[PDB]
Structures are given as structure tokens and as C-alpha cells.
Amino acid sequence: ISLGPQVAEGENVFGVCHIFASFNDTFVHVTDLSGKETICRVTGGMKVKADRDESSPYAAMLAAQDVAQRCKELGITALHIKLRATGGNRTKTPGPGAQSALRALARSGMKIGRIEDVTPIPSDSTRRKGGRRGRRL
Amino acid sequence: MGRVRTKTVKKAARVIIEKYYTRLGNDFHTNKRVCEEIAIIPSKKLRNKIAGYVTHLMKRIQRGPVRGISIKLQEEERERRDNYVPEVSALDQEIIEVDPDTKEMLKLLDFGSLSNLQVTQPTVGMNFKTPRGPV
Amino acid sequence: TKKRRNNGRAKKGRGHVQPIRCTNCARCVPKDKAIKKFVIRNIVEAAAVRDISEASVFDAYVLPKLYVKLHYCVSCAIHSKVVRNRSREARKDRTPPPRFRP
Amino acid sequence: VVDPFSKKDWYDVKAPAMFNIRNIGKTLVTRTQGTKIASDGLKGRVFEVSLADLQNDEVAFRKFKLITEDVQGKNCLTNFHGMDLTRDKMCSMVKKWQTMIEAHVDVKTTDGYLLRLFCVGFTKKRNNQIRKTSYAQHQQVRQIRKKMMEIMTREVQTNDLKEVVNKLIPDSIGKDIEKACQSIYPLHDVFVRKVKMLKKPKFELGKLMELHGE
Amino acid sequence: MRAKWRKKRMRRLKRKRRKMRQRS
Amino acid sequence: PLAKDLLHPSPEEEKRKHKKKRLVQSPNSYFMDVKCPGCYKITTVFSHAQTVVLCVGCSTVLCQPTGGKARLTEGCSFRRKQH
RNA sequence: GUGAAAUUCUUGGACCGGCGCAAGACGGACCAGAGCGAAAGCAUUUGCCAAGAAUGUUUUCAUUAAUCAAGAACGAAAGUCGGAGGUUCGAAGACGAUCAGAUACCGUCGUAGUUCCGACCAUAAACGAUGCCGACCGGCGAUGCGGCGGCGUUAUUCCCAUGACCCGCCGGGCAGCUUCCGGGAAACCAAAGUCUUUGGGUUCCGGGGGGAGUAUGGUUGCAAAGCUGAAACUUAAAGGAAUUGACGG
Ligand SMILES: [Mg+2]
Ligand SMILES: [Mg+2]
Ligand SMILES: [Mg+2]
Ligand SMILES: [Mg+2]
Ligand SMILES: [Mg+2]
Ligand SMILES: [Mg+2]
Ligand SMILES: [Mg+2]
Ligand SMILES: [Mg+2]
Ligand SMILES: [Zn+2]
């Protein structure tokens, strides 16, 4: 009770941290072992007010620390991690804020379980946006 | 930094070493004195730069030949290093490894059927090529 | 003037190759022509590998990797400096560049 | 105004008898008020867990779905739901200069469980192999795939969900593929990459009890 | 001028000539 | 090798050469006698059989035809027939 | 979402996360200077239907062949017509940005289209910018198929075949490296070689650059357009390959 379980010292509680680290934004989302129930979600867009640094490591680590103190407020100790890119037909790589948010969570008194990639990879996608001539800049 | 000798001093040092090798030596101060008369060098700075380099090359040629060549040095270097002169020739082995394929080659040459050579079991596997591509 | 014997693409017994898309600009480029780069990346960069290993609950955990195969149109591969222009003689060399292992 | 975590409660999830470890972990859900029921909310929850967590000294690249079918107090009984290899492992097994073979079957368990089994296997080069690429001909792939279909449907169609899960925990099915296929084309990288369920036998309560017990 | 757009401009002019000749 | 003696090629390269490309054509296939096990008589079998051959006594199959050469089933004695 | 933004969606739960359901597209990694096809082109499993190269062949026919005006089948994408379906993408169009301007490049939406069936069109840098058939003329290592052999390892077994390798050989291929064969204006090419030491057979086809693939005639098409195809007039160069320099956001 009291915003946490009654688990003894012998066993620790495992959360799940979805790090949707794309370009232009990074999501850190802590949930239970099914993901059905959520504890906290903080993103760079709601942490920086410059509209450009939504994917910056500066805003990403601040998001990670905020969900970290909230997780400790709920007594969450261990944390399996699911890293996720944009996926689909678009980019399949994590953005800049993945490593900063990951490092911030470790250094904020949290424990780390297993990191796995849940990036959506199509067998073969639909027509990707941009035309056949690419994005001529 | 900045003490690199130029081709002017370098080449002139080599020529006077070859032409006057016995009149030189290991001492810089004697080398500059012989250089005063064995060649006409106008500048003092150029002179003792030449002598300084000559002293350095004397320390090198005394313990091994260089790009420069002395006719006396060549004969002495072939006169030395005559041989390791082992008490027996290095290739008078009492037993010599011989494959069966080479053994029949000597038989077809008619020079086989000797005692010194011994035949070995042919290696098995026929794997002698490196796997192709990267790694 | 024919710059390359293979026309810059590895098409010898075919007539048509299905197109893939550049990951950077999303440009339709033939699969035999695009620069392919299979990259294995650490999930945790070197700046945080110690933090994650220490904070990990597991006594011994090997960080998994990323297995993504990258396709670049030659414009984007040149801009990203994946491929560099070479001299006429050095163009013919097809061995991959050294990994700089030692 | 107030956070829901005040009215959230924590339940503990258990494991079937196939695994020597019982407690996967702890969950949370809202309480029961009006039409919404805490038991109904927790009905149908899928918990991706690692077999390394559920087993003492077995492999880590195998994961399990483990849907909860019933809750009894603060404990949530759980049966098998599906398996899947981790993305790191399945992506690392796909090497160049070799042939991948993929199979899929539909099998009705004696109990009534309709399972869709996906198996993957990769050709193997020999120790004295000098040729760079070790590929498989199309008929060899057809023979290997067909045999893989039948020595994976026989291991499940004649048995129950209990035996199938405790035999795929060490992946005896995969080793059966490798030793059979080595007579045709040698393989090394063979695993049942994924299974999933399609149909269930009308949700019998007694079957869950003997699944966790006798 | 790019030969393709010269070709397209030529096509437009041929349509005008066909329309003028049809009207007559 | 400019001055190769094409008049008398040595037999190791003559056998090496393709069947039609030799100095004089000579087929690689041959005729062999096959002794049916559990029988007494001798049948003639083409070394490159395309049809399944069965000697009259031996009701079993003698040769299983494949692409290049017949598969002589076990228990059959074979021997060449006059070059 | 962008370089930065904005139009746009959001307290009705947007995005995110979980469980399901539907839809129509699409078949990654494996996938290669690898295979097949006359080209265009062809990539999830299974089945059915015919077809095909090469190899094997001491089988049959016996000149039945090669290239081909006229004529004919197929023919990317886009486009046209009719019917289904419209997920994504996306001509036209609107709006936001950028700019001196921006009818654009960038961003949001989105029409025809993109998907299947039937009927058209017959064009692509439809490229190997390189006719087909045949003969000859260097070397080397690979690779795909078929065949023939040989130390050995591995699969099962009680023995051989039979598969996975290893070492070779033959034939047809996709190719690769090297070479003062030879050629070429050179780049380069074992074919673009065997060419003033010029003749193996046979198609198509060019004649300085423009005008111009235009006008006119015919013919094909629903249409867009396709095929055939000039002249007046104008011009001293236009070009191809390499060399040096100058410059490059
Ligand atoms: Mg150029
Ligand atoms: Mg083409
Ligand atoms: Mg907005
Ligand atoms: Mg079309
Ligand atoms: Mg229609
Ligand atoms: Mg759109
Ligand atoms: Mg001809
Ligand atoms: Mg002319
Ligand atoms: Zn690109």
C-alpha cells in the first residue's frame, strides 16, 4: 500500500520502459509487466519550450529523470527496457535522445533489466512517402 | 626542431668522404681542419656544417656500409663475412624427408634406392586452399 | 565516355532489378546499385555502458545489438561520406576498406 | 484531482508447471466499482517474459507471452499463450552466403489447442569449406521444409499443451529438425522462432487447475 | 533548351495546327 | 607451347578432351556384362542406360537410370566388352 | 512536422502503451557483379497445368539449315474506356513556409491515378548506347547447372550407393582478373581481334550542323498519339576521346 506494493527486500518490482526515440521527439513510458497499466510518460516536447530541442539529449535526459523520480515515488526498482524507433517504412534507427535518456535513467538510482528492440519492421512496407526522386533539399 | 641538413652539405660530405677516406676520422675538430685544405669551401658556416655531417657519417660507415661507396670498403666487406664455416656442410643430413611422390620421381630418375632418404606417410585431407572471400 | 565497366551497378545476367529506397531521402534506387551497409551498433553507447552495467539487476548481462541494413542512394552516400571519390586507377579496386582492427 | 495510484492495487502473477520458477512479477490495476471489475480488467493480460527469468540455467533469447486466464485473490494464475525469439537473436541469425528456410504449420492439440508454429533454419558450412557461400538447392529446401513440417506436427498433434511446452523449453523440436536435416543439407541455426495460438478449448476451469497442479 | 521540353512544346504546337486545320 | 605435336597427342589428354573434340571420335560409354544375382546367365547392359533393364531370370531391377550413368544395384558383377 | 517554423490533430483523451477486429496494398533481412526468360520482366508456403536450356546419349530422321522485305505474337512505366476496390503513396489543386519574386524545391491535405478483370496504345538512356549464325585466336582463379572421376571428413547402418564438403576434368552459361595477340582517335575491347596482307553467310541502317522527326500525303488509334516522311531556307563549324590549366556552394 501507500503508492507501492508490500514486497519484501528479497524481491524487487519490475517495470517496463518504452523508449520511443525518434527524430523530433523522444517518449519515455513506464508501465507494468503487460503494458496495460501506465505509471508515467514524459517527453522532450513537454520538457523544452523551444520546439526544436524536442529530440535533444538535453530534453531527453530531463524526461528520463522525471519518470525516474516518479518511478521511485511508486517504488519501482527494476526496469525492463523496450527501445523503439519510428519503424514502419520510415527510419529504423533510434534518434539522438536514446542514449541520453538511457544514461539518465541509470544514473537516477534505477535498476535495469533486459533491453530489447520492439521497432516495427515490415515484411515489406507500403509505398514510402517522398516520391521516387527522394527529398530534394 | 629545425636542424635538417640540405643536399648541398649532404652531397659535398659524401664526395670528400669517398675521395679522402683515410685522412678523415671520428673527431669533428680534426675533420673541419682537413676540410679546410682538401676542398675550397667559401663560408665557415658551410665548412663546419660539412665537417659535422662527415663526422656523423664516419660513425655510420665504421659500423656498416651506406649509400656512399668506398672501393677499399667494398673489398674489406667481401673479405670479411667469409662464411659461418660450419665443420660440416649444412645440407649433409643423415636422414632426409621424402614424399612417396618424390620417391617414385627419384626412381624414375634412377637415382633413388638410397639409404639417406626416408619416405613419409602422405598427408591426408587434400585441404590446402584458403577459404575465399572475407574471413 | 563509359566511366565504369559495370555502369556502377552489379547487373550482369538480369534485365530489371526491383527498386529499394534510400534511408536518408527515400529515393527509388535499384537494389543492385544502392550502397548497402549492414551496421551493428551497441544499444548502449560507450558513454553509458558502465552506468547500465552497474545499474543492471543481472550479475552478467550482455547488451544486445542493433541489426539494421542501410541502403543509400549514391547522392546521399556521397553527402554522408560513406563513399569517397577515387582516382581513375583506384576506382577499379573492389576490396572493402580495412577495418582498422590493429 | 488525485492520482489513480491511490486506488490501484498490486497483484502477483504465477507460472505454469513447465517452468521451475513461479513468480514472474507484480502488476497493478484499478479497483472494483460499479460495472468495471478489477478481475475483468486483468482478464486477457499478456506479459512478455524471458525464459531466462523463468528458468535457472537455460537460454535467454526465448520469450513467452503467458496470458492470464483467471485470478483468485491477490494471485493471478497464468497459462501458456505463445513464444517468440528476441529481435536481437533472430536478426543475428540471418547471415549472408547461406540459405534461410522458414516453415509454418497449423496443428490441433489433443486437448484442443490450435497452434501456429513458425520455425526457422539456416544452412551450415563445413569446417573444411573453402567455397565462400553454402547455399541450398530449391528441391533440397522443399525436402527440408516438408520434413520440418512433419517432424514438427507429429511432436504436437499426438500430445497435449503440457508436454509441448515443457518439450519446447529446451527446444527438442529444433534439435529434431537439425539431426533429421543433416542427412540432406547440414544445418546449425535451427530454432522454432515463434508460436502463437488461434483457438482454445472453451476455457475449461479444471484444466487450468491441473496445469498449475496435478 | 532541354530536348524533352522542346519535344513537349512541339506536341502542343502540333495540336494547335490540327485544331486550326480542323476549323477550316 | 607453339610446337605442340597434334599428330600424336598423348592418351592422358586424349581422354581428357571432350568426346566430339578428340582427334578421332570415340564414345565414352561402353557395353558391360551384368550377372544377375540368384541367376545363372549373363545379360548385356549399356553403361548409360535410360531404360530399366531386367534380365529374363532376374525379375529384380538391374540398373536404375539417372542422368549420366546407370545405377547398378548391389549383387551385380560387371565387366567390359572389347574396348 | 522543419534547417528554423507554420497550416494541421488535441481535456471530446491527441501521441504513447496493451488486447482484439477490418481493409486493401506489399513480400525486408536471406538476396549475391547469383538463376531463369525472346525481350519487356520474374522473390512467402503448398498444389495443379503445360513449357524450356544445358548436360547424359554407340537412339531415331537425314540436310530437314542461317539471316530475313511483306506479314505476325509479345512488349516497363505513364495514358484511354468499362466494372470492382480504394490501405499507403501521390500528377492536378488548395494552404503553410522559403525567397526580391517562388506558379518550385520543404511541410499538411488531397483529385485522377497507384490495386484486380476485360478492351485499347506501342512508346523508354526498351542500354551492353555494342545484329544474328559459324570458324579461329593467350593465361588464371572463381561461380551456376549437368555429367565423369579421385586422398579423405561428416549424415544413417549391417555393406554400397545417396546427400554436405575436399581435389580435379568436360560441356553450355552470368561474369571477373591479367596480357606489347591484335585492334582503335583514344577512352578502352579476348572482342569493338583475325582490315590497304582489305571478300565466311546474311538482315537493318548513317552521310557536316540546323530547319526537323517539322509540313504535306497515306495508314493505325476513342483519344493522347504511333508508323512512313520532305523541301525552302540558314550555317563554318557542330561534334568524339584524351592533355594541361582555371574554377567548384
Ligand atoms: Mg561525365
Ligand atoms: Mg531495362
Ligand atoms: Mg499542431
Ligand atoms: Mg502500362
Ligand atoms: Mg478503370
Ligand atoms: Mg500524404
Ligand atoms: Mg551474314
Ligand atoms: Mg546531315
Ligand atoms: Zn538518398
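Within every chain, numbering begins at 1; the chains are lettered A, B, ... in the order of the sequence lines, protein sequences first and strands thereafter. All values below were derived from every heavy atom in this structure, side-chain atoms included, with hydrogens, water molecules and symmetry-related copies excluded.
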Exercise. When only distance counts, do a donor and an acceptor, one from the side chain of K69(F) and one from the base of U57(G), lie under 3.5 Å apart?
Worked result: no

Problem set entry | Short side-chain to backbone donor-acceptor contact, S125(A) and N89(A), under 3.5 Å | no

Exercise. Between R21(C) and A26(C), is there a donor-acceptor pair closer than 3.5 Å when you use the side chain of the first and the backbone of the second?
Worked result: yes

For this session: May I ask you to decide if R87(D)'s main-chain N or O and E116(A)'s side chain share a donor-acceptor pair within less than 3.5 Å?
Result: yes

For this session: For the nucleotides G193(G) and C165(G), establish whether a Watson-Crick or G-U wobble pair is present, both distances being less than 3.5 Å.
Result: no

Problem set entry | Check: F118(D) main-chain N/O paired with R193(D) side-chain donor or acceptor under 3.5 Å | no

For this session: Quick one: sort the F27(A) and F20(A) rings into parallel, tilted or perpendicular, breaks at 30° and 60°.
Result: perpendicular

For this session: Return the set of residues passing salt bridge (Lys or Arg N to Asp or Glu O under 4.0 Å) with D99(B) (not counting sequence neighbours), or none when no residue passes.
Result: none

Exercise. Rounded to whole angstroms, how far apart are CE on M46(A) and P on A14(G)?
Worked result: 17 Å

Exercise. Between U58(G) atom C1' and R22(F) atom CZ, what is the distance in whole Å?
Worked result: 13 Å

For this session: List in numerical order all residues of residues 21-33 of chain A for which some heavy atom is under 4.0 Å away from an atom belonging to RNA chain G.
Result: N24(A), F27(A), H29(A)

Exercise. What string of B, S and - do you get for nucleotides 162-175 of chain G, 5' to 3', if B is base contact, S is sugar-phosphate-only contact and - is no contact with any protein heavy atom under 4.0 Å?
Worked result: SBBBSSSSSS--SS

Exercise. On a plain distance test, is the side chain of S29(F) in donor-acceptor contact with the base of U58(G) below 3.5 Å?
Worked result: yes

Exercise. Base of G75(G) relative to its sugar, syn (within 90° of 0) or anti?
Worked result: anti

